[PDB]
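Working notes, structure below.
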Amino acid sequence: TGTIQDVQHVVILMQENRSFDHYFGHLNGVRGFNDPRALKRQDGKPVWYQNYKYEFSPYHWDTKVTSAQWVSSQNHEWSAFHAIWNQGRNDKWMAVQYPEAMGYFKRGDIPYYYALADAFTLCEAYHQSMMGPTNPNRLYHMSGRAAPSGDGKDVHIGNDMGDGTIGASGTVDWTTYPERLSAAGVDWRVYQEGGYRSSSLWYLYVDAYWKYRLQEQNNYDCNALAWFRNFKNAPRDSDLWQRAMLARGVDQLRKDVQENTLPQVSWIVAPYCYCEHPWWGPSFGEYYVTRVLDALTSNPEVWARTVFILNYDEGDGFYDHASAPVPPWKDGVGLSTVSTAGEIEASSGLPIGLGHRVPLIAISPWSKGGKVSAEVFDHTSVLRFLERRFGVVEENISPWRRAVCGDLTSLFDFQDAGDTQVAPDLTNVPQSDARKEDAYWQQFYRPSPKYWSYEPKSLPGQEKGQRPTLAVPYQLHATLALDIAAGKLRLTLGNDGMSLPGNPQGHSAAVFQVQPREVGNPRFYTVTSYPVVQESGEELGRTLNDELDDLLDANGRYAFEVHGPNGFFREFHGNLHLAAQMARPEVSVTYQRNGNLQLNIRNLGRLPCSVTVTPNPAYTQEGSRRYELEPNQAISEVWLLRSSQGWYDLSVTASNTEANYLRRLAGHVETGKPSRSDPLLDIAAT
Ligand SMILES: [Ca+2]
């Protein structure tokens, strides 16, 4: 016992069109509306201000007075999503969307979801695989690739795949993971209220004037297994059609749980009235989650070996501030040690994914405590988790997606059981029934939310408090060097990977985003903790060297930021041409074993200079330290960080040096053990 194999039943529930900051932008301990490493626009304001001939900012939807649970969905086409992305700038959020997409909810509107988040594990770095519509994301979730072949050509980007119910009438013909599950011999099933032709336009997309209330019989064509040739043309009495595509119910799920005959792996699909789609409120999705939870938790033996994973397909047009890792798509935009075959759209040329943030909640006896996990995951991580548990490896996973995204084994603590019960409120259906009842009956008639009448006087804050967080394998180095001969900027990016209890040795892949504050274009890098054998016989990995030639101005001015995973910040400023003929310092880092930090300052110049280190006042109260460093000199300093929860933000300045010269270092020391969240989140952003 005590391993991943102890898990026996796995349930996957997948809702629609809810971004991260829309739900948990206020929750304490998450990288929410007050991320201190927020992206900065060209004008110098943080990205929380968006310019569309006027200044737009996020605002709090207050269901107690308006109808925020009934808002029409926005436009989230592929072109719209990529124009939002803007090749890493992420600043045209209001260019294509509409103002109402900037709203966010609070605990007063969704008590059930916030109770779940406070009680169960939440991922704040979960990204959608394709920056596009629903079906391709669900195609990735059910197959692991949205193309007939893994060469990057003919990848579906619009929407054709379907079952001829709500306008989607296509058929795709590559190997699907449930087929591998059937071939292997693992019991799998799909829970939905109806099969073929259950959903109807006449029922759901005509405002449903006859009912407009509830439909517990259809499935909204969200079954991605039904779009494949083998399934769509399987024998009517065949095993595949029995296991996958039929009519079932959540009451039958409760019956199966109480009979100790739960299918090993269950895809739970939702009816349209409950699947969180913007035509319907989050309260209905809460009620369905309550039904699933009370059905599942109705037995000790079943709950002692069950893992329930709730996630969403895409974030729709709802606002999210982070910028997702992406693979290089042309020249002059960075290099990756791992071959990006099949990850780049051939016709368009821009990369497919990954995309913005969507919530992921893990409910299991091994996933309590209200923890927050900073590793980056995509839809393929679920299939990789099934691979890790059952051993059936899906080859359809693109190599870049295999390297970048994790396998969800870092969320759960399998060294124990923790088989305790769950709070009575979340399993108590009738109060959630009351919430659904007065949500439909009251918030229906309230006026709709605007932005021209509910403009915010300030950017939204965050709930007070920290949360314990889970260890991540990312430890990074980013050093800058100036070529005194060629006058170029050389960036050394490095990774090692942290050993984990869930990761036997510590394979990991990190993505770096380099943001030009003044001039240039964002440049992305992918490094890995293991060697990668390139097609030419080389051995890439563990270290990358790049040259930032195009960032320089006409007079040598350079000013840029280096981002990453888990709040890795390195801000570099200065100038080059005049810097040649006097001294210059350089800053290097070393992660001590016991969670402390070591800072080394290296001088190769010609005259002595004084260098002062002044930490941010929030983390610690000891004073700045200054050293008079000579030419060809170096000194090392040990910085204690246990009282700051193992986070650092240092500003290194110097005298007798160039103007505008300033170095900024910031991040979290990774040691392989769970720790707390960032203390700086609850400090007001502006
Ligand atoms: Ca969707």
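Just remember, in the structure tokens the first chain shown is A, the second B, etc., residues are 1-based per chain, and ligands are 1-based in the order shown.
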Inset, instruction - Name the residues in contact with residue 650 of chain A at a cut-off of 6 Å, using only C-alpha atoms, excluding same-chain residues fewer than 2 positions from it; report them as a PyMOL selection string. - result: chain A and resi 615+664-665
Selection export as an mmCIF file, in the first residue's frame, atoms kept: C-alpha atoms:
data_model
loop_
_atom_site.group_PDB
_atom_site.id
_atom_site.type_symbol
_atom_site.label_atom_id
_atom_site.label_comp_id
_atom_site.auth_asym_id
_atom_site.auth_seq_id
_atom_site.Cartn_x
_atom_site.Cartn_y
_atom_site.Cartn_z
ATOM 1 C CA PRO A 615 15.357 43.533 0.526
ATOM 2 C CA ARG A 664 15.992 42.679 -9.114
ATOM 3 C CA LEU A 665 15.800 39.066 -7.932
#
Considering only C-alpha atoms and all ligand atoms, tabulate each residue of chain A that lies at most 6 Å from ligand 1 along with its nearest interatomic pair and the corresponding distance in Å to one decimal; arrange the rows by chain and ascending residue number and present them as a tab-separated table.
residue	atom	partner	partner_atom_place_in_ligand_line	distance
A:16	CA	ligand 1	1 (Ca)	4.3
A:17	CA	ligand 1	1 (Ca)	5.4
A:134	CA	ligand 1	1 (Ca)	3.6
A:313	CA	ligand 1	1 (Ca)	5.0
A:314	CA	ligand 1	1 (Ca)	5.4
Legend entry - For segment 514-528 of chain A: contacts at 8 Å, only C-alpha atoms, fewer than 3 positions along chain excluded, given as number ranges by chain: A: 40-42, 87-89, 325-328, 332-338, 403, 493-496, 507-511, 531, 541-544, 550-553, 558-563
What would the file look like if the residues just selected were written as a PDB file, in the first residue's frame with C-alpha atoms?
ATOM      1  CA  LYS A  40       3.539  45.002 -17.193  1.00  0.00           C
ATOM      2  CA  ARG A  41       2.385  46.752 -20.355  1.00  0.00           C
ATOM      3  CA  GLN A  42       4.508  49.104 -22.440  1.00  0.00           C
ATOM      4  CA  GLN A  87       2.492  36.787 -28.885  1.00  0.00           C
ATOM      5  CA  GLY A  88       3.040  37.005 -25.134  1.00  0.00           C
ATOM      6  CA  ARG A  89       2.043  40.603 -24.390  1.00  0.00           C
ATOM      7  CA  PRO A 325       3.840  28.901 -21.657  1.00  0.00           C
ATOM      8  CA  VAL A 326       3.987  28.449 -25.431  1.00  0.00           C
ATOM      9  CA  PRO A 327       6.391  26.720 -27.799  1.00  0.00           C
ATOM     10  CA  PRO A 328       8.510  28.778 -30.204  1.00  0.00           C
ATOM     11  CA  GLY A 332      14.097  35.168 -32.952  1.00  0.00           C
ATOM     12  CA  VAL A 333      11.521  34.032 -30.390  1.00  0.00           C
ATOM     13  CA  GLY A 334      13.628  31.628 -28.330  1.00  0.00           C
ATOM     14  CA  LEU A 335      14.741  28.019 -28.504  1.00  0.00           C
ATOM     15  CA  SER A 336      13.566  24.814 -26.841  1.00  0.00           C
ATOM     16  CA  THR A 337      15.702  21.803 -25.981  1.00  0.00           C
ATOM     17  CA  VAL A 338      12.700  19.537 -26.700  1.00  0.00           C
ATOM     18  CA  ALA A 403       7.661  17.255 -21.240  1.00  0.00           C
ATOM     19  CA  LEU A 493      19.076  29.774 -18.502  1.00  0.00           C
ATOM     20  CA  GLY A 494      19.405  26.715 -16.316  1.00  0.00           C
ATOM     21  CA  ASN A 495      17.367  24.101 -14.513  1.00  0.00           C
ATOM     22  CA  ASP A 496      18.085  21.097 -12.335  1.00  0.00           C
ATOM     23  CA  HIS A 507      12.374  14.942 -14.312  1.00  0.00           C
ATOM     24  CA  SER A 508      10.904  18.357 -15.066  1.00  0.00           C
ATOM     25  CA  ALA A 509      10.492  20.904 -17.845  1.00  0.00           C
ATOM     26  CA  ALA A 510      10.522  24.659 -17.266  1.00  0.00           C
ATOM     27  CA  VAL A 511       9.364  27.474 -19.538  1.00  0.00           C
ATOM     28  CA  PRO A 531      19.158  15.411 -21.623  1.00  0.00           C
ATOM     29  CA  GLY A 541      19.125  19.954 -22.127  1.00  0.00           C
ATOM     30  CA  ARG A 542      20.083  21.085 -18.611  1.00  0.00           C
ATOM     31  CA  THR A 543      21.400  24.443 -19.864  1.00  0.00           C
ATOM     32  CA  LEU A 544      20.542  26.913 -22.617  1.00  0.00           C
ATOM     33  CA  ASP A 550      17.168  42.674 -30.812  1.00  0.00           C
ATOM     34  CA  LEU A 551      16.284  43.953 -27.329  1.00  0.00           C
ATOM     35  CA  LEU A 552      19.056  46.563 -27.356  1.00  0.00           C
ATOM     36  CA  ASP A 553      18.280  50.155 -28.258  1.00  0.00           C
ATOM     37  CA  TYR A 558      18.445  47.445 -21.979  1.00  0.00           C
ATOM     38  CA  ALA A 559      15.531  46.881 -19.604  1.00  0.00           C
ATOM     39  CA  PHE A 560      13.584  43.631 -19.434  1.00  0.00           C
ATOM     40  CA  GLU A 561      11.978  41.107 -17.108  1.00  0.00           C
ATOM     41  CA  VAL A 562      12.347  37.338 -16.834  1.00  0.00           C
ATOM     42  CA  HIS A 563       9.308  35.434 -15.566  1.00  0.00           C
TER      43      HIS A 563
END
Inset, instruction - Name the closest residue to residue 222 of chain A among the candidates A:271, A:391, A:36, A:235; distances are taken between atoms, counting only C-alpha atoms. - result: A:271
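Of the listed residues (A:99, A:473, A:646, A:111), A:473 comes nearest to residue 497 of chain A; the distances count only C-alpha atoms.
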